[PDB]
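An overview of the molecular structure
The chain contents come next:
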Amino acid sequence: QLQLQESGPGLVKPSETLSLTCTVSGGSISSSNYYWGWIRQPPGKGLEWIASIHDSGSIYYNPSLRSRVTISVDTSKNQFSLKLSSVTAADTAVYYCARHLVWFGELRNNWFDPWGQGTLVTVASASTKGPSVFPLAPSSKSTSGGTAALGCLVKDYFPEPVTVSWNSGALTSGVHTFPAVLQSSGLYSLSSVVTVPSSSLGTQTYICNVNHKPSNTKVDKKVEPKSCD
Amino acid sequence: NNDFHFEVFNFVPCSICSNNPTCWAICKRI
Amino acid sequence: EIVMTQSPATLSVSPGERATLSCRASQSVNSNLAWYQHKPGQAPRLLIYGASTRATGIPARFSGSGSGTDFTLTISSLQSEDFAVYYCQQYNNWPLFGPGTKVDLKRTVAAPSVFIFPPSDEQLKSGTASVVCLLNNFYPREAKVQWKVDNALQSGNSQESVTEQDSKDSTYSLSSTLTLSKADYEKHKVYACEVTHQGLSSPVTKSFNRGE
């Protein structure tokens, strides 16, 4: 089955260039009558299409972005890339790669099917900071019935995003990872919580796995009940 | 601004014109 | 210049009824109109193209109708799974998308479970104390969370974040984080989180004393 995977820097300094690469697998880009493109979505704005490229080297541009877009295809490694010059904060967004069906036949074809999962780009004048991870310890005060709540607190990181898993992916039922909030410090902060059978508290081990890719920070924090004295 | 701006392509590949006559005017075989 | 609008911006829909939903174009676009579904954190998915044509792999509950300037996407027998944002896209000249409309689910009111967490000893080493209070699996989204320290209410020192509407049971969760400094976390002793909400007959207060 056809799949697209973006990869590219979480963080890029303003007045510089952003480059992303899509790696298509489960189908070949050449030879193929399909264009390959990038769409982006800034936080709390609509989707905006950027450019697409066809195996033949034909390039379909959004005109409002054309002057700043370089888009290319490496037919052998099954990869097309986007380069966007002189970026501003207006360029912070989730960038998706997609297959672009263009056709000028009987029934026009000008859509994107299917898409990749997006990658968050951030344009920031700043430096990456990795998170500090703190336990949200179970207590008598974090139980209701026979269910207990515990979690991790991922603080002071930049930029987004962090991924949080529990027990290296084993535990995924009852997990709630909240959207990051911006703090006054200018950094993000998040918190992941899971509800588990309180009968299991002292016997099952609960570890939160935090991964902040833009700074090669990985943290595993075991979550035990806070010394109750 | 409708009815197919081909001006927003660098060129148009003859391969996606089907029978569209206006398309076949600009396009380019490869 | 074309311009795509959608209405309503957001829409709450009982599980099972039909959500009827619209896209409008400034000039006309004939039938060069697609619709996409975008569940949060997942990839967009083409629902319909041709302004009426269902893409392969799409249930017959989702149909598109319309032309020129007025389109409509309708989801009959709406499921909880369907909770996401829907964008339309015109392709008359080139790809332009609409602002999107968020489709929320309705369900019966559900009171939150309230849990509270004192700060980690590790964080207190650092100079800041974060107290967390959690409302789990409630409906609807609106909830008042007030902090009290020594029966002293607080202001401007707390932050919340709410999860996406759960695609299974259609609920929400919320976390409030009261941030203090290590010092004044010690100048006080009772940390309380008061919750008021539609599922509760009266407000409820989870609290702990420092050190149990």
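Structure determination for this entry, per the PDB record, employed X-ray crystallography and reached 2.9000 Å resolution.

Per the PDB entry, the recorded name for chain C is 3G12 Fab light chain, and the organism is Homo sapiens. As deposited in the PDB, this entry carries the title "Structure of antibody 3G12 bound to the central conserved domain of RSV G".

By the naming in the PDB entry, chain A is 3G12 Fab Heavy chain, taken from Homo sapiens.

1. Some details on the overall build of chain C
Scanning chain C for helices and strands turns up 2 helices and 19 strands. Rg of the C-alpha trace for chain C: 23 Å, well past the compact-globule value of 17 Å for 212 residues, more than 25% over. For chain C, the spread of C-alpha atoms along the principal axes amounts to about 70 × 35 × 25 Å. Across the 212 residues that make up chain C, the buried fraction comes to 49%.

2. A few points about the interface of chain B and chain A
Contact residues are listed per partner, giving 16 residues for chain B and 17 residues for chain A. Across the interface of chain B and chain A, roughly 1400 Å² is buried in total on both sides, 59% from carbon and sulfur atoms. Between the two partners, chain B and chain A, sit 0 salt bridges. Viewed at the interface, chain A and chain B are joined by 8 residue pairs in polar contact. Taken together, the residues of the side of chain B that touches chain A sort by class into 10 nonpolar, 4 polar and 2 charged.

3. Structural notes on unusual backbone geometry
For the bond running from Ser30 of chain A to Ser31 of chain A, omega is 0°, close enough to zero to count as cis. The topology assignment puts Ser31 of chain A in the loop between β3 (18-25) and β4 (35-41). In this chain, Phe158 of chain A is followed by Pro159 of chain A through a cis amide linkage whose omega measures 0°. Along the chain, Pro159 of chain A turns up in the loop between β14 (147-157) and β15 (163-166). The backbone phi angle of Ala51 of chain C is positive, close to 70°, even though this residue is not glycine. Tracing the backbone through its elements, the reader meets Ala51 of chain C in the loop between β5 (45-49) and β6 (53-54). Residue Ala51 of chain C is classed as buried on the basis of its relative accessible area of 1%.

4. Some details on the sheet that holds strand β20 (residues 217-222) of chain A
Whenever strands of a sheet pair, they do so through backbone hydrogen bonds, lying parallel or antiparallel. All names here are of chain A. Pairing within the open sheet is antiparallel, and its 3 strands lie in the order β15-β19-β20. Across the chains shown, the open sheet's two edge strands, defined by having one partner strand only, are β15 and β20. Taking each pair of neighbouring strands and ignoring which way they run, the sheet shows an average axis angle of 15°. Two elements, β15 and strand β19 (residues 207-212), share 4 bridges in a ladder whose sense is antiparallel. Across the sheet, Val164 pairs through a bridge with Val210, a residue of β19.

5. Points about the side chain of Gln6 of chain C
Residues and elements named next belong to chain C. Mapped onto the elements of the fold, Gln6 is located in strand β1 (residues 4-7). One polar contact links the side chain of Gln6 to the main-chain carbonyl oxygen of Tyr86, over a distance of 3.3 Å. A distance of 3.1 Å separates a polar side-chain atom of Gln6 from the backbone nitrogen of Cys88. Not counting residues within four places of it along the chain, the set of residues in contact with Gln6 comprises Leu21, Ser22, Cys23, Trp35, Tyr86, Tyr87, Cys88, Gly98, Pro99, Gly100 and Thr101.

6. What to know about the pairing of strand β18 (residues 188-197) of chain A
If a strand is regular, its side chains alternate between the two faces of the sheet. Residues and elements named next belong to chain A. Within β18, 8 of the 10 residues are buried, which leaves it mostly tucked inside the rest of the structure. Two strands pair when backbone bridges link them, and β14 and β18 are joined in this way by 9 bridges, in the antiparallel orientation. Counterpart to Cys152 in the pairing with β18 is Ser192. Across 3 bridges, the pairing between strand β16 (residues 175-177) and β18 is antiparallel. In the strand pairing of β18, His176 is matched with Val193. Pairing between strand β17 (residues 181-182) and β18: 2 bridges, direction antiparallel. From the neighbouring strand, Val181 faces β18, where its bridge partner is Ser189. Hairpin connection of β17 to β18: 5 residues between the antiparallel strands, including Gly186 at a positive phi of 95°.

Calculation criteria
For each chain, numbering restarts from 1 and follows the sequence as written, which can differ from how the entry numbers it; residues lacking coordinates are not listed. Written order decides the labels, with chains lettered from A and ligands numbered from 1. Hydrogen atoms and water are omitted, and side-chain values are computed over all heavy atoms in the structure. For the purposes of this entry, the term helix denotes a DSSP run of H or I that reaches at least four residues, the term strand denotes a run of E that reaches at least two, and both are numbered from the N terminus. Using C-alpha atoms as the atom set, the radius of gyration is obtained and then compared with a globule rule of 2.2 Å times the number of residues to the power 0.38. Between buried and exposed lies partly exposed: a residue is buried under 20% and exposed over 50% of the maximum accessible area for its type, with that area taken using a 1.4 Å probe on protein chains only. Contact between two residues is taken to exist if any of their heavy atoms lie within 4.5 Å; hydrogens are not considered. Once two parts are joined, some of their accessible surface, as seen by a 1.4 Å probe, is lost; buried area is that loss totalled over both. Here, a salt bridge means any side-chain nitrogen of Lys or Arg that lies within 4 Å of a carboxyl oxygen of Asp or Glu. Nitrogen and oxygen atoms within 3.5 Å of one another constitute a polar contact, given that in protein one can donate a hydrogen and the other can accept it, and given that sequence-neighbouring residues count only through two side-chain atoms. Under the convention adopted here, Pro, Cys and the residues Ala, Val, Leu, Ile, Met, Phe, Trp and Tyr are nonpolar, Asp, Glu, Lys and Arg are charged, and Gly plus all remaining residues are polar. Pairing between two strands requires that DSSP report at least two bridges joining them. For every element, the axis is a line fit to its C-alpha atoms; helices are fit only across the contacting stretch, and the angle between N-to-C directions ranges from 0 to 180 degrees.

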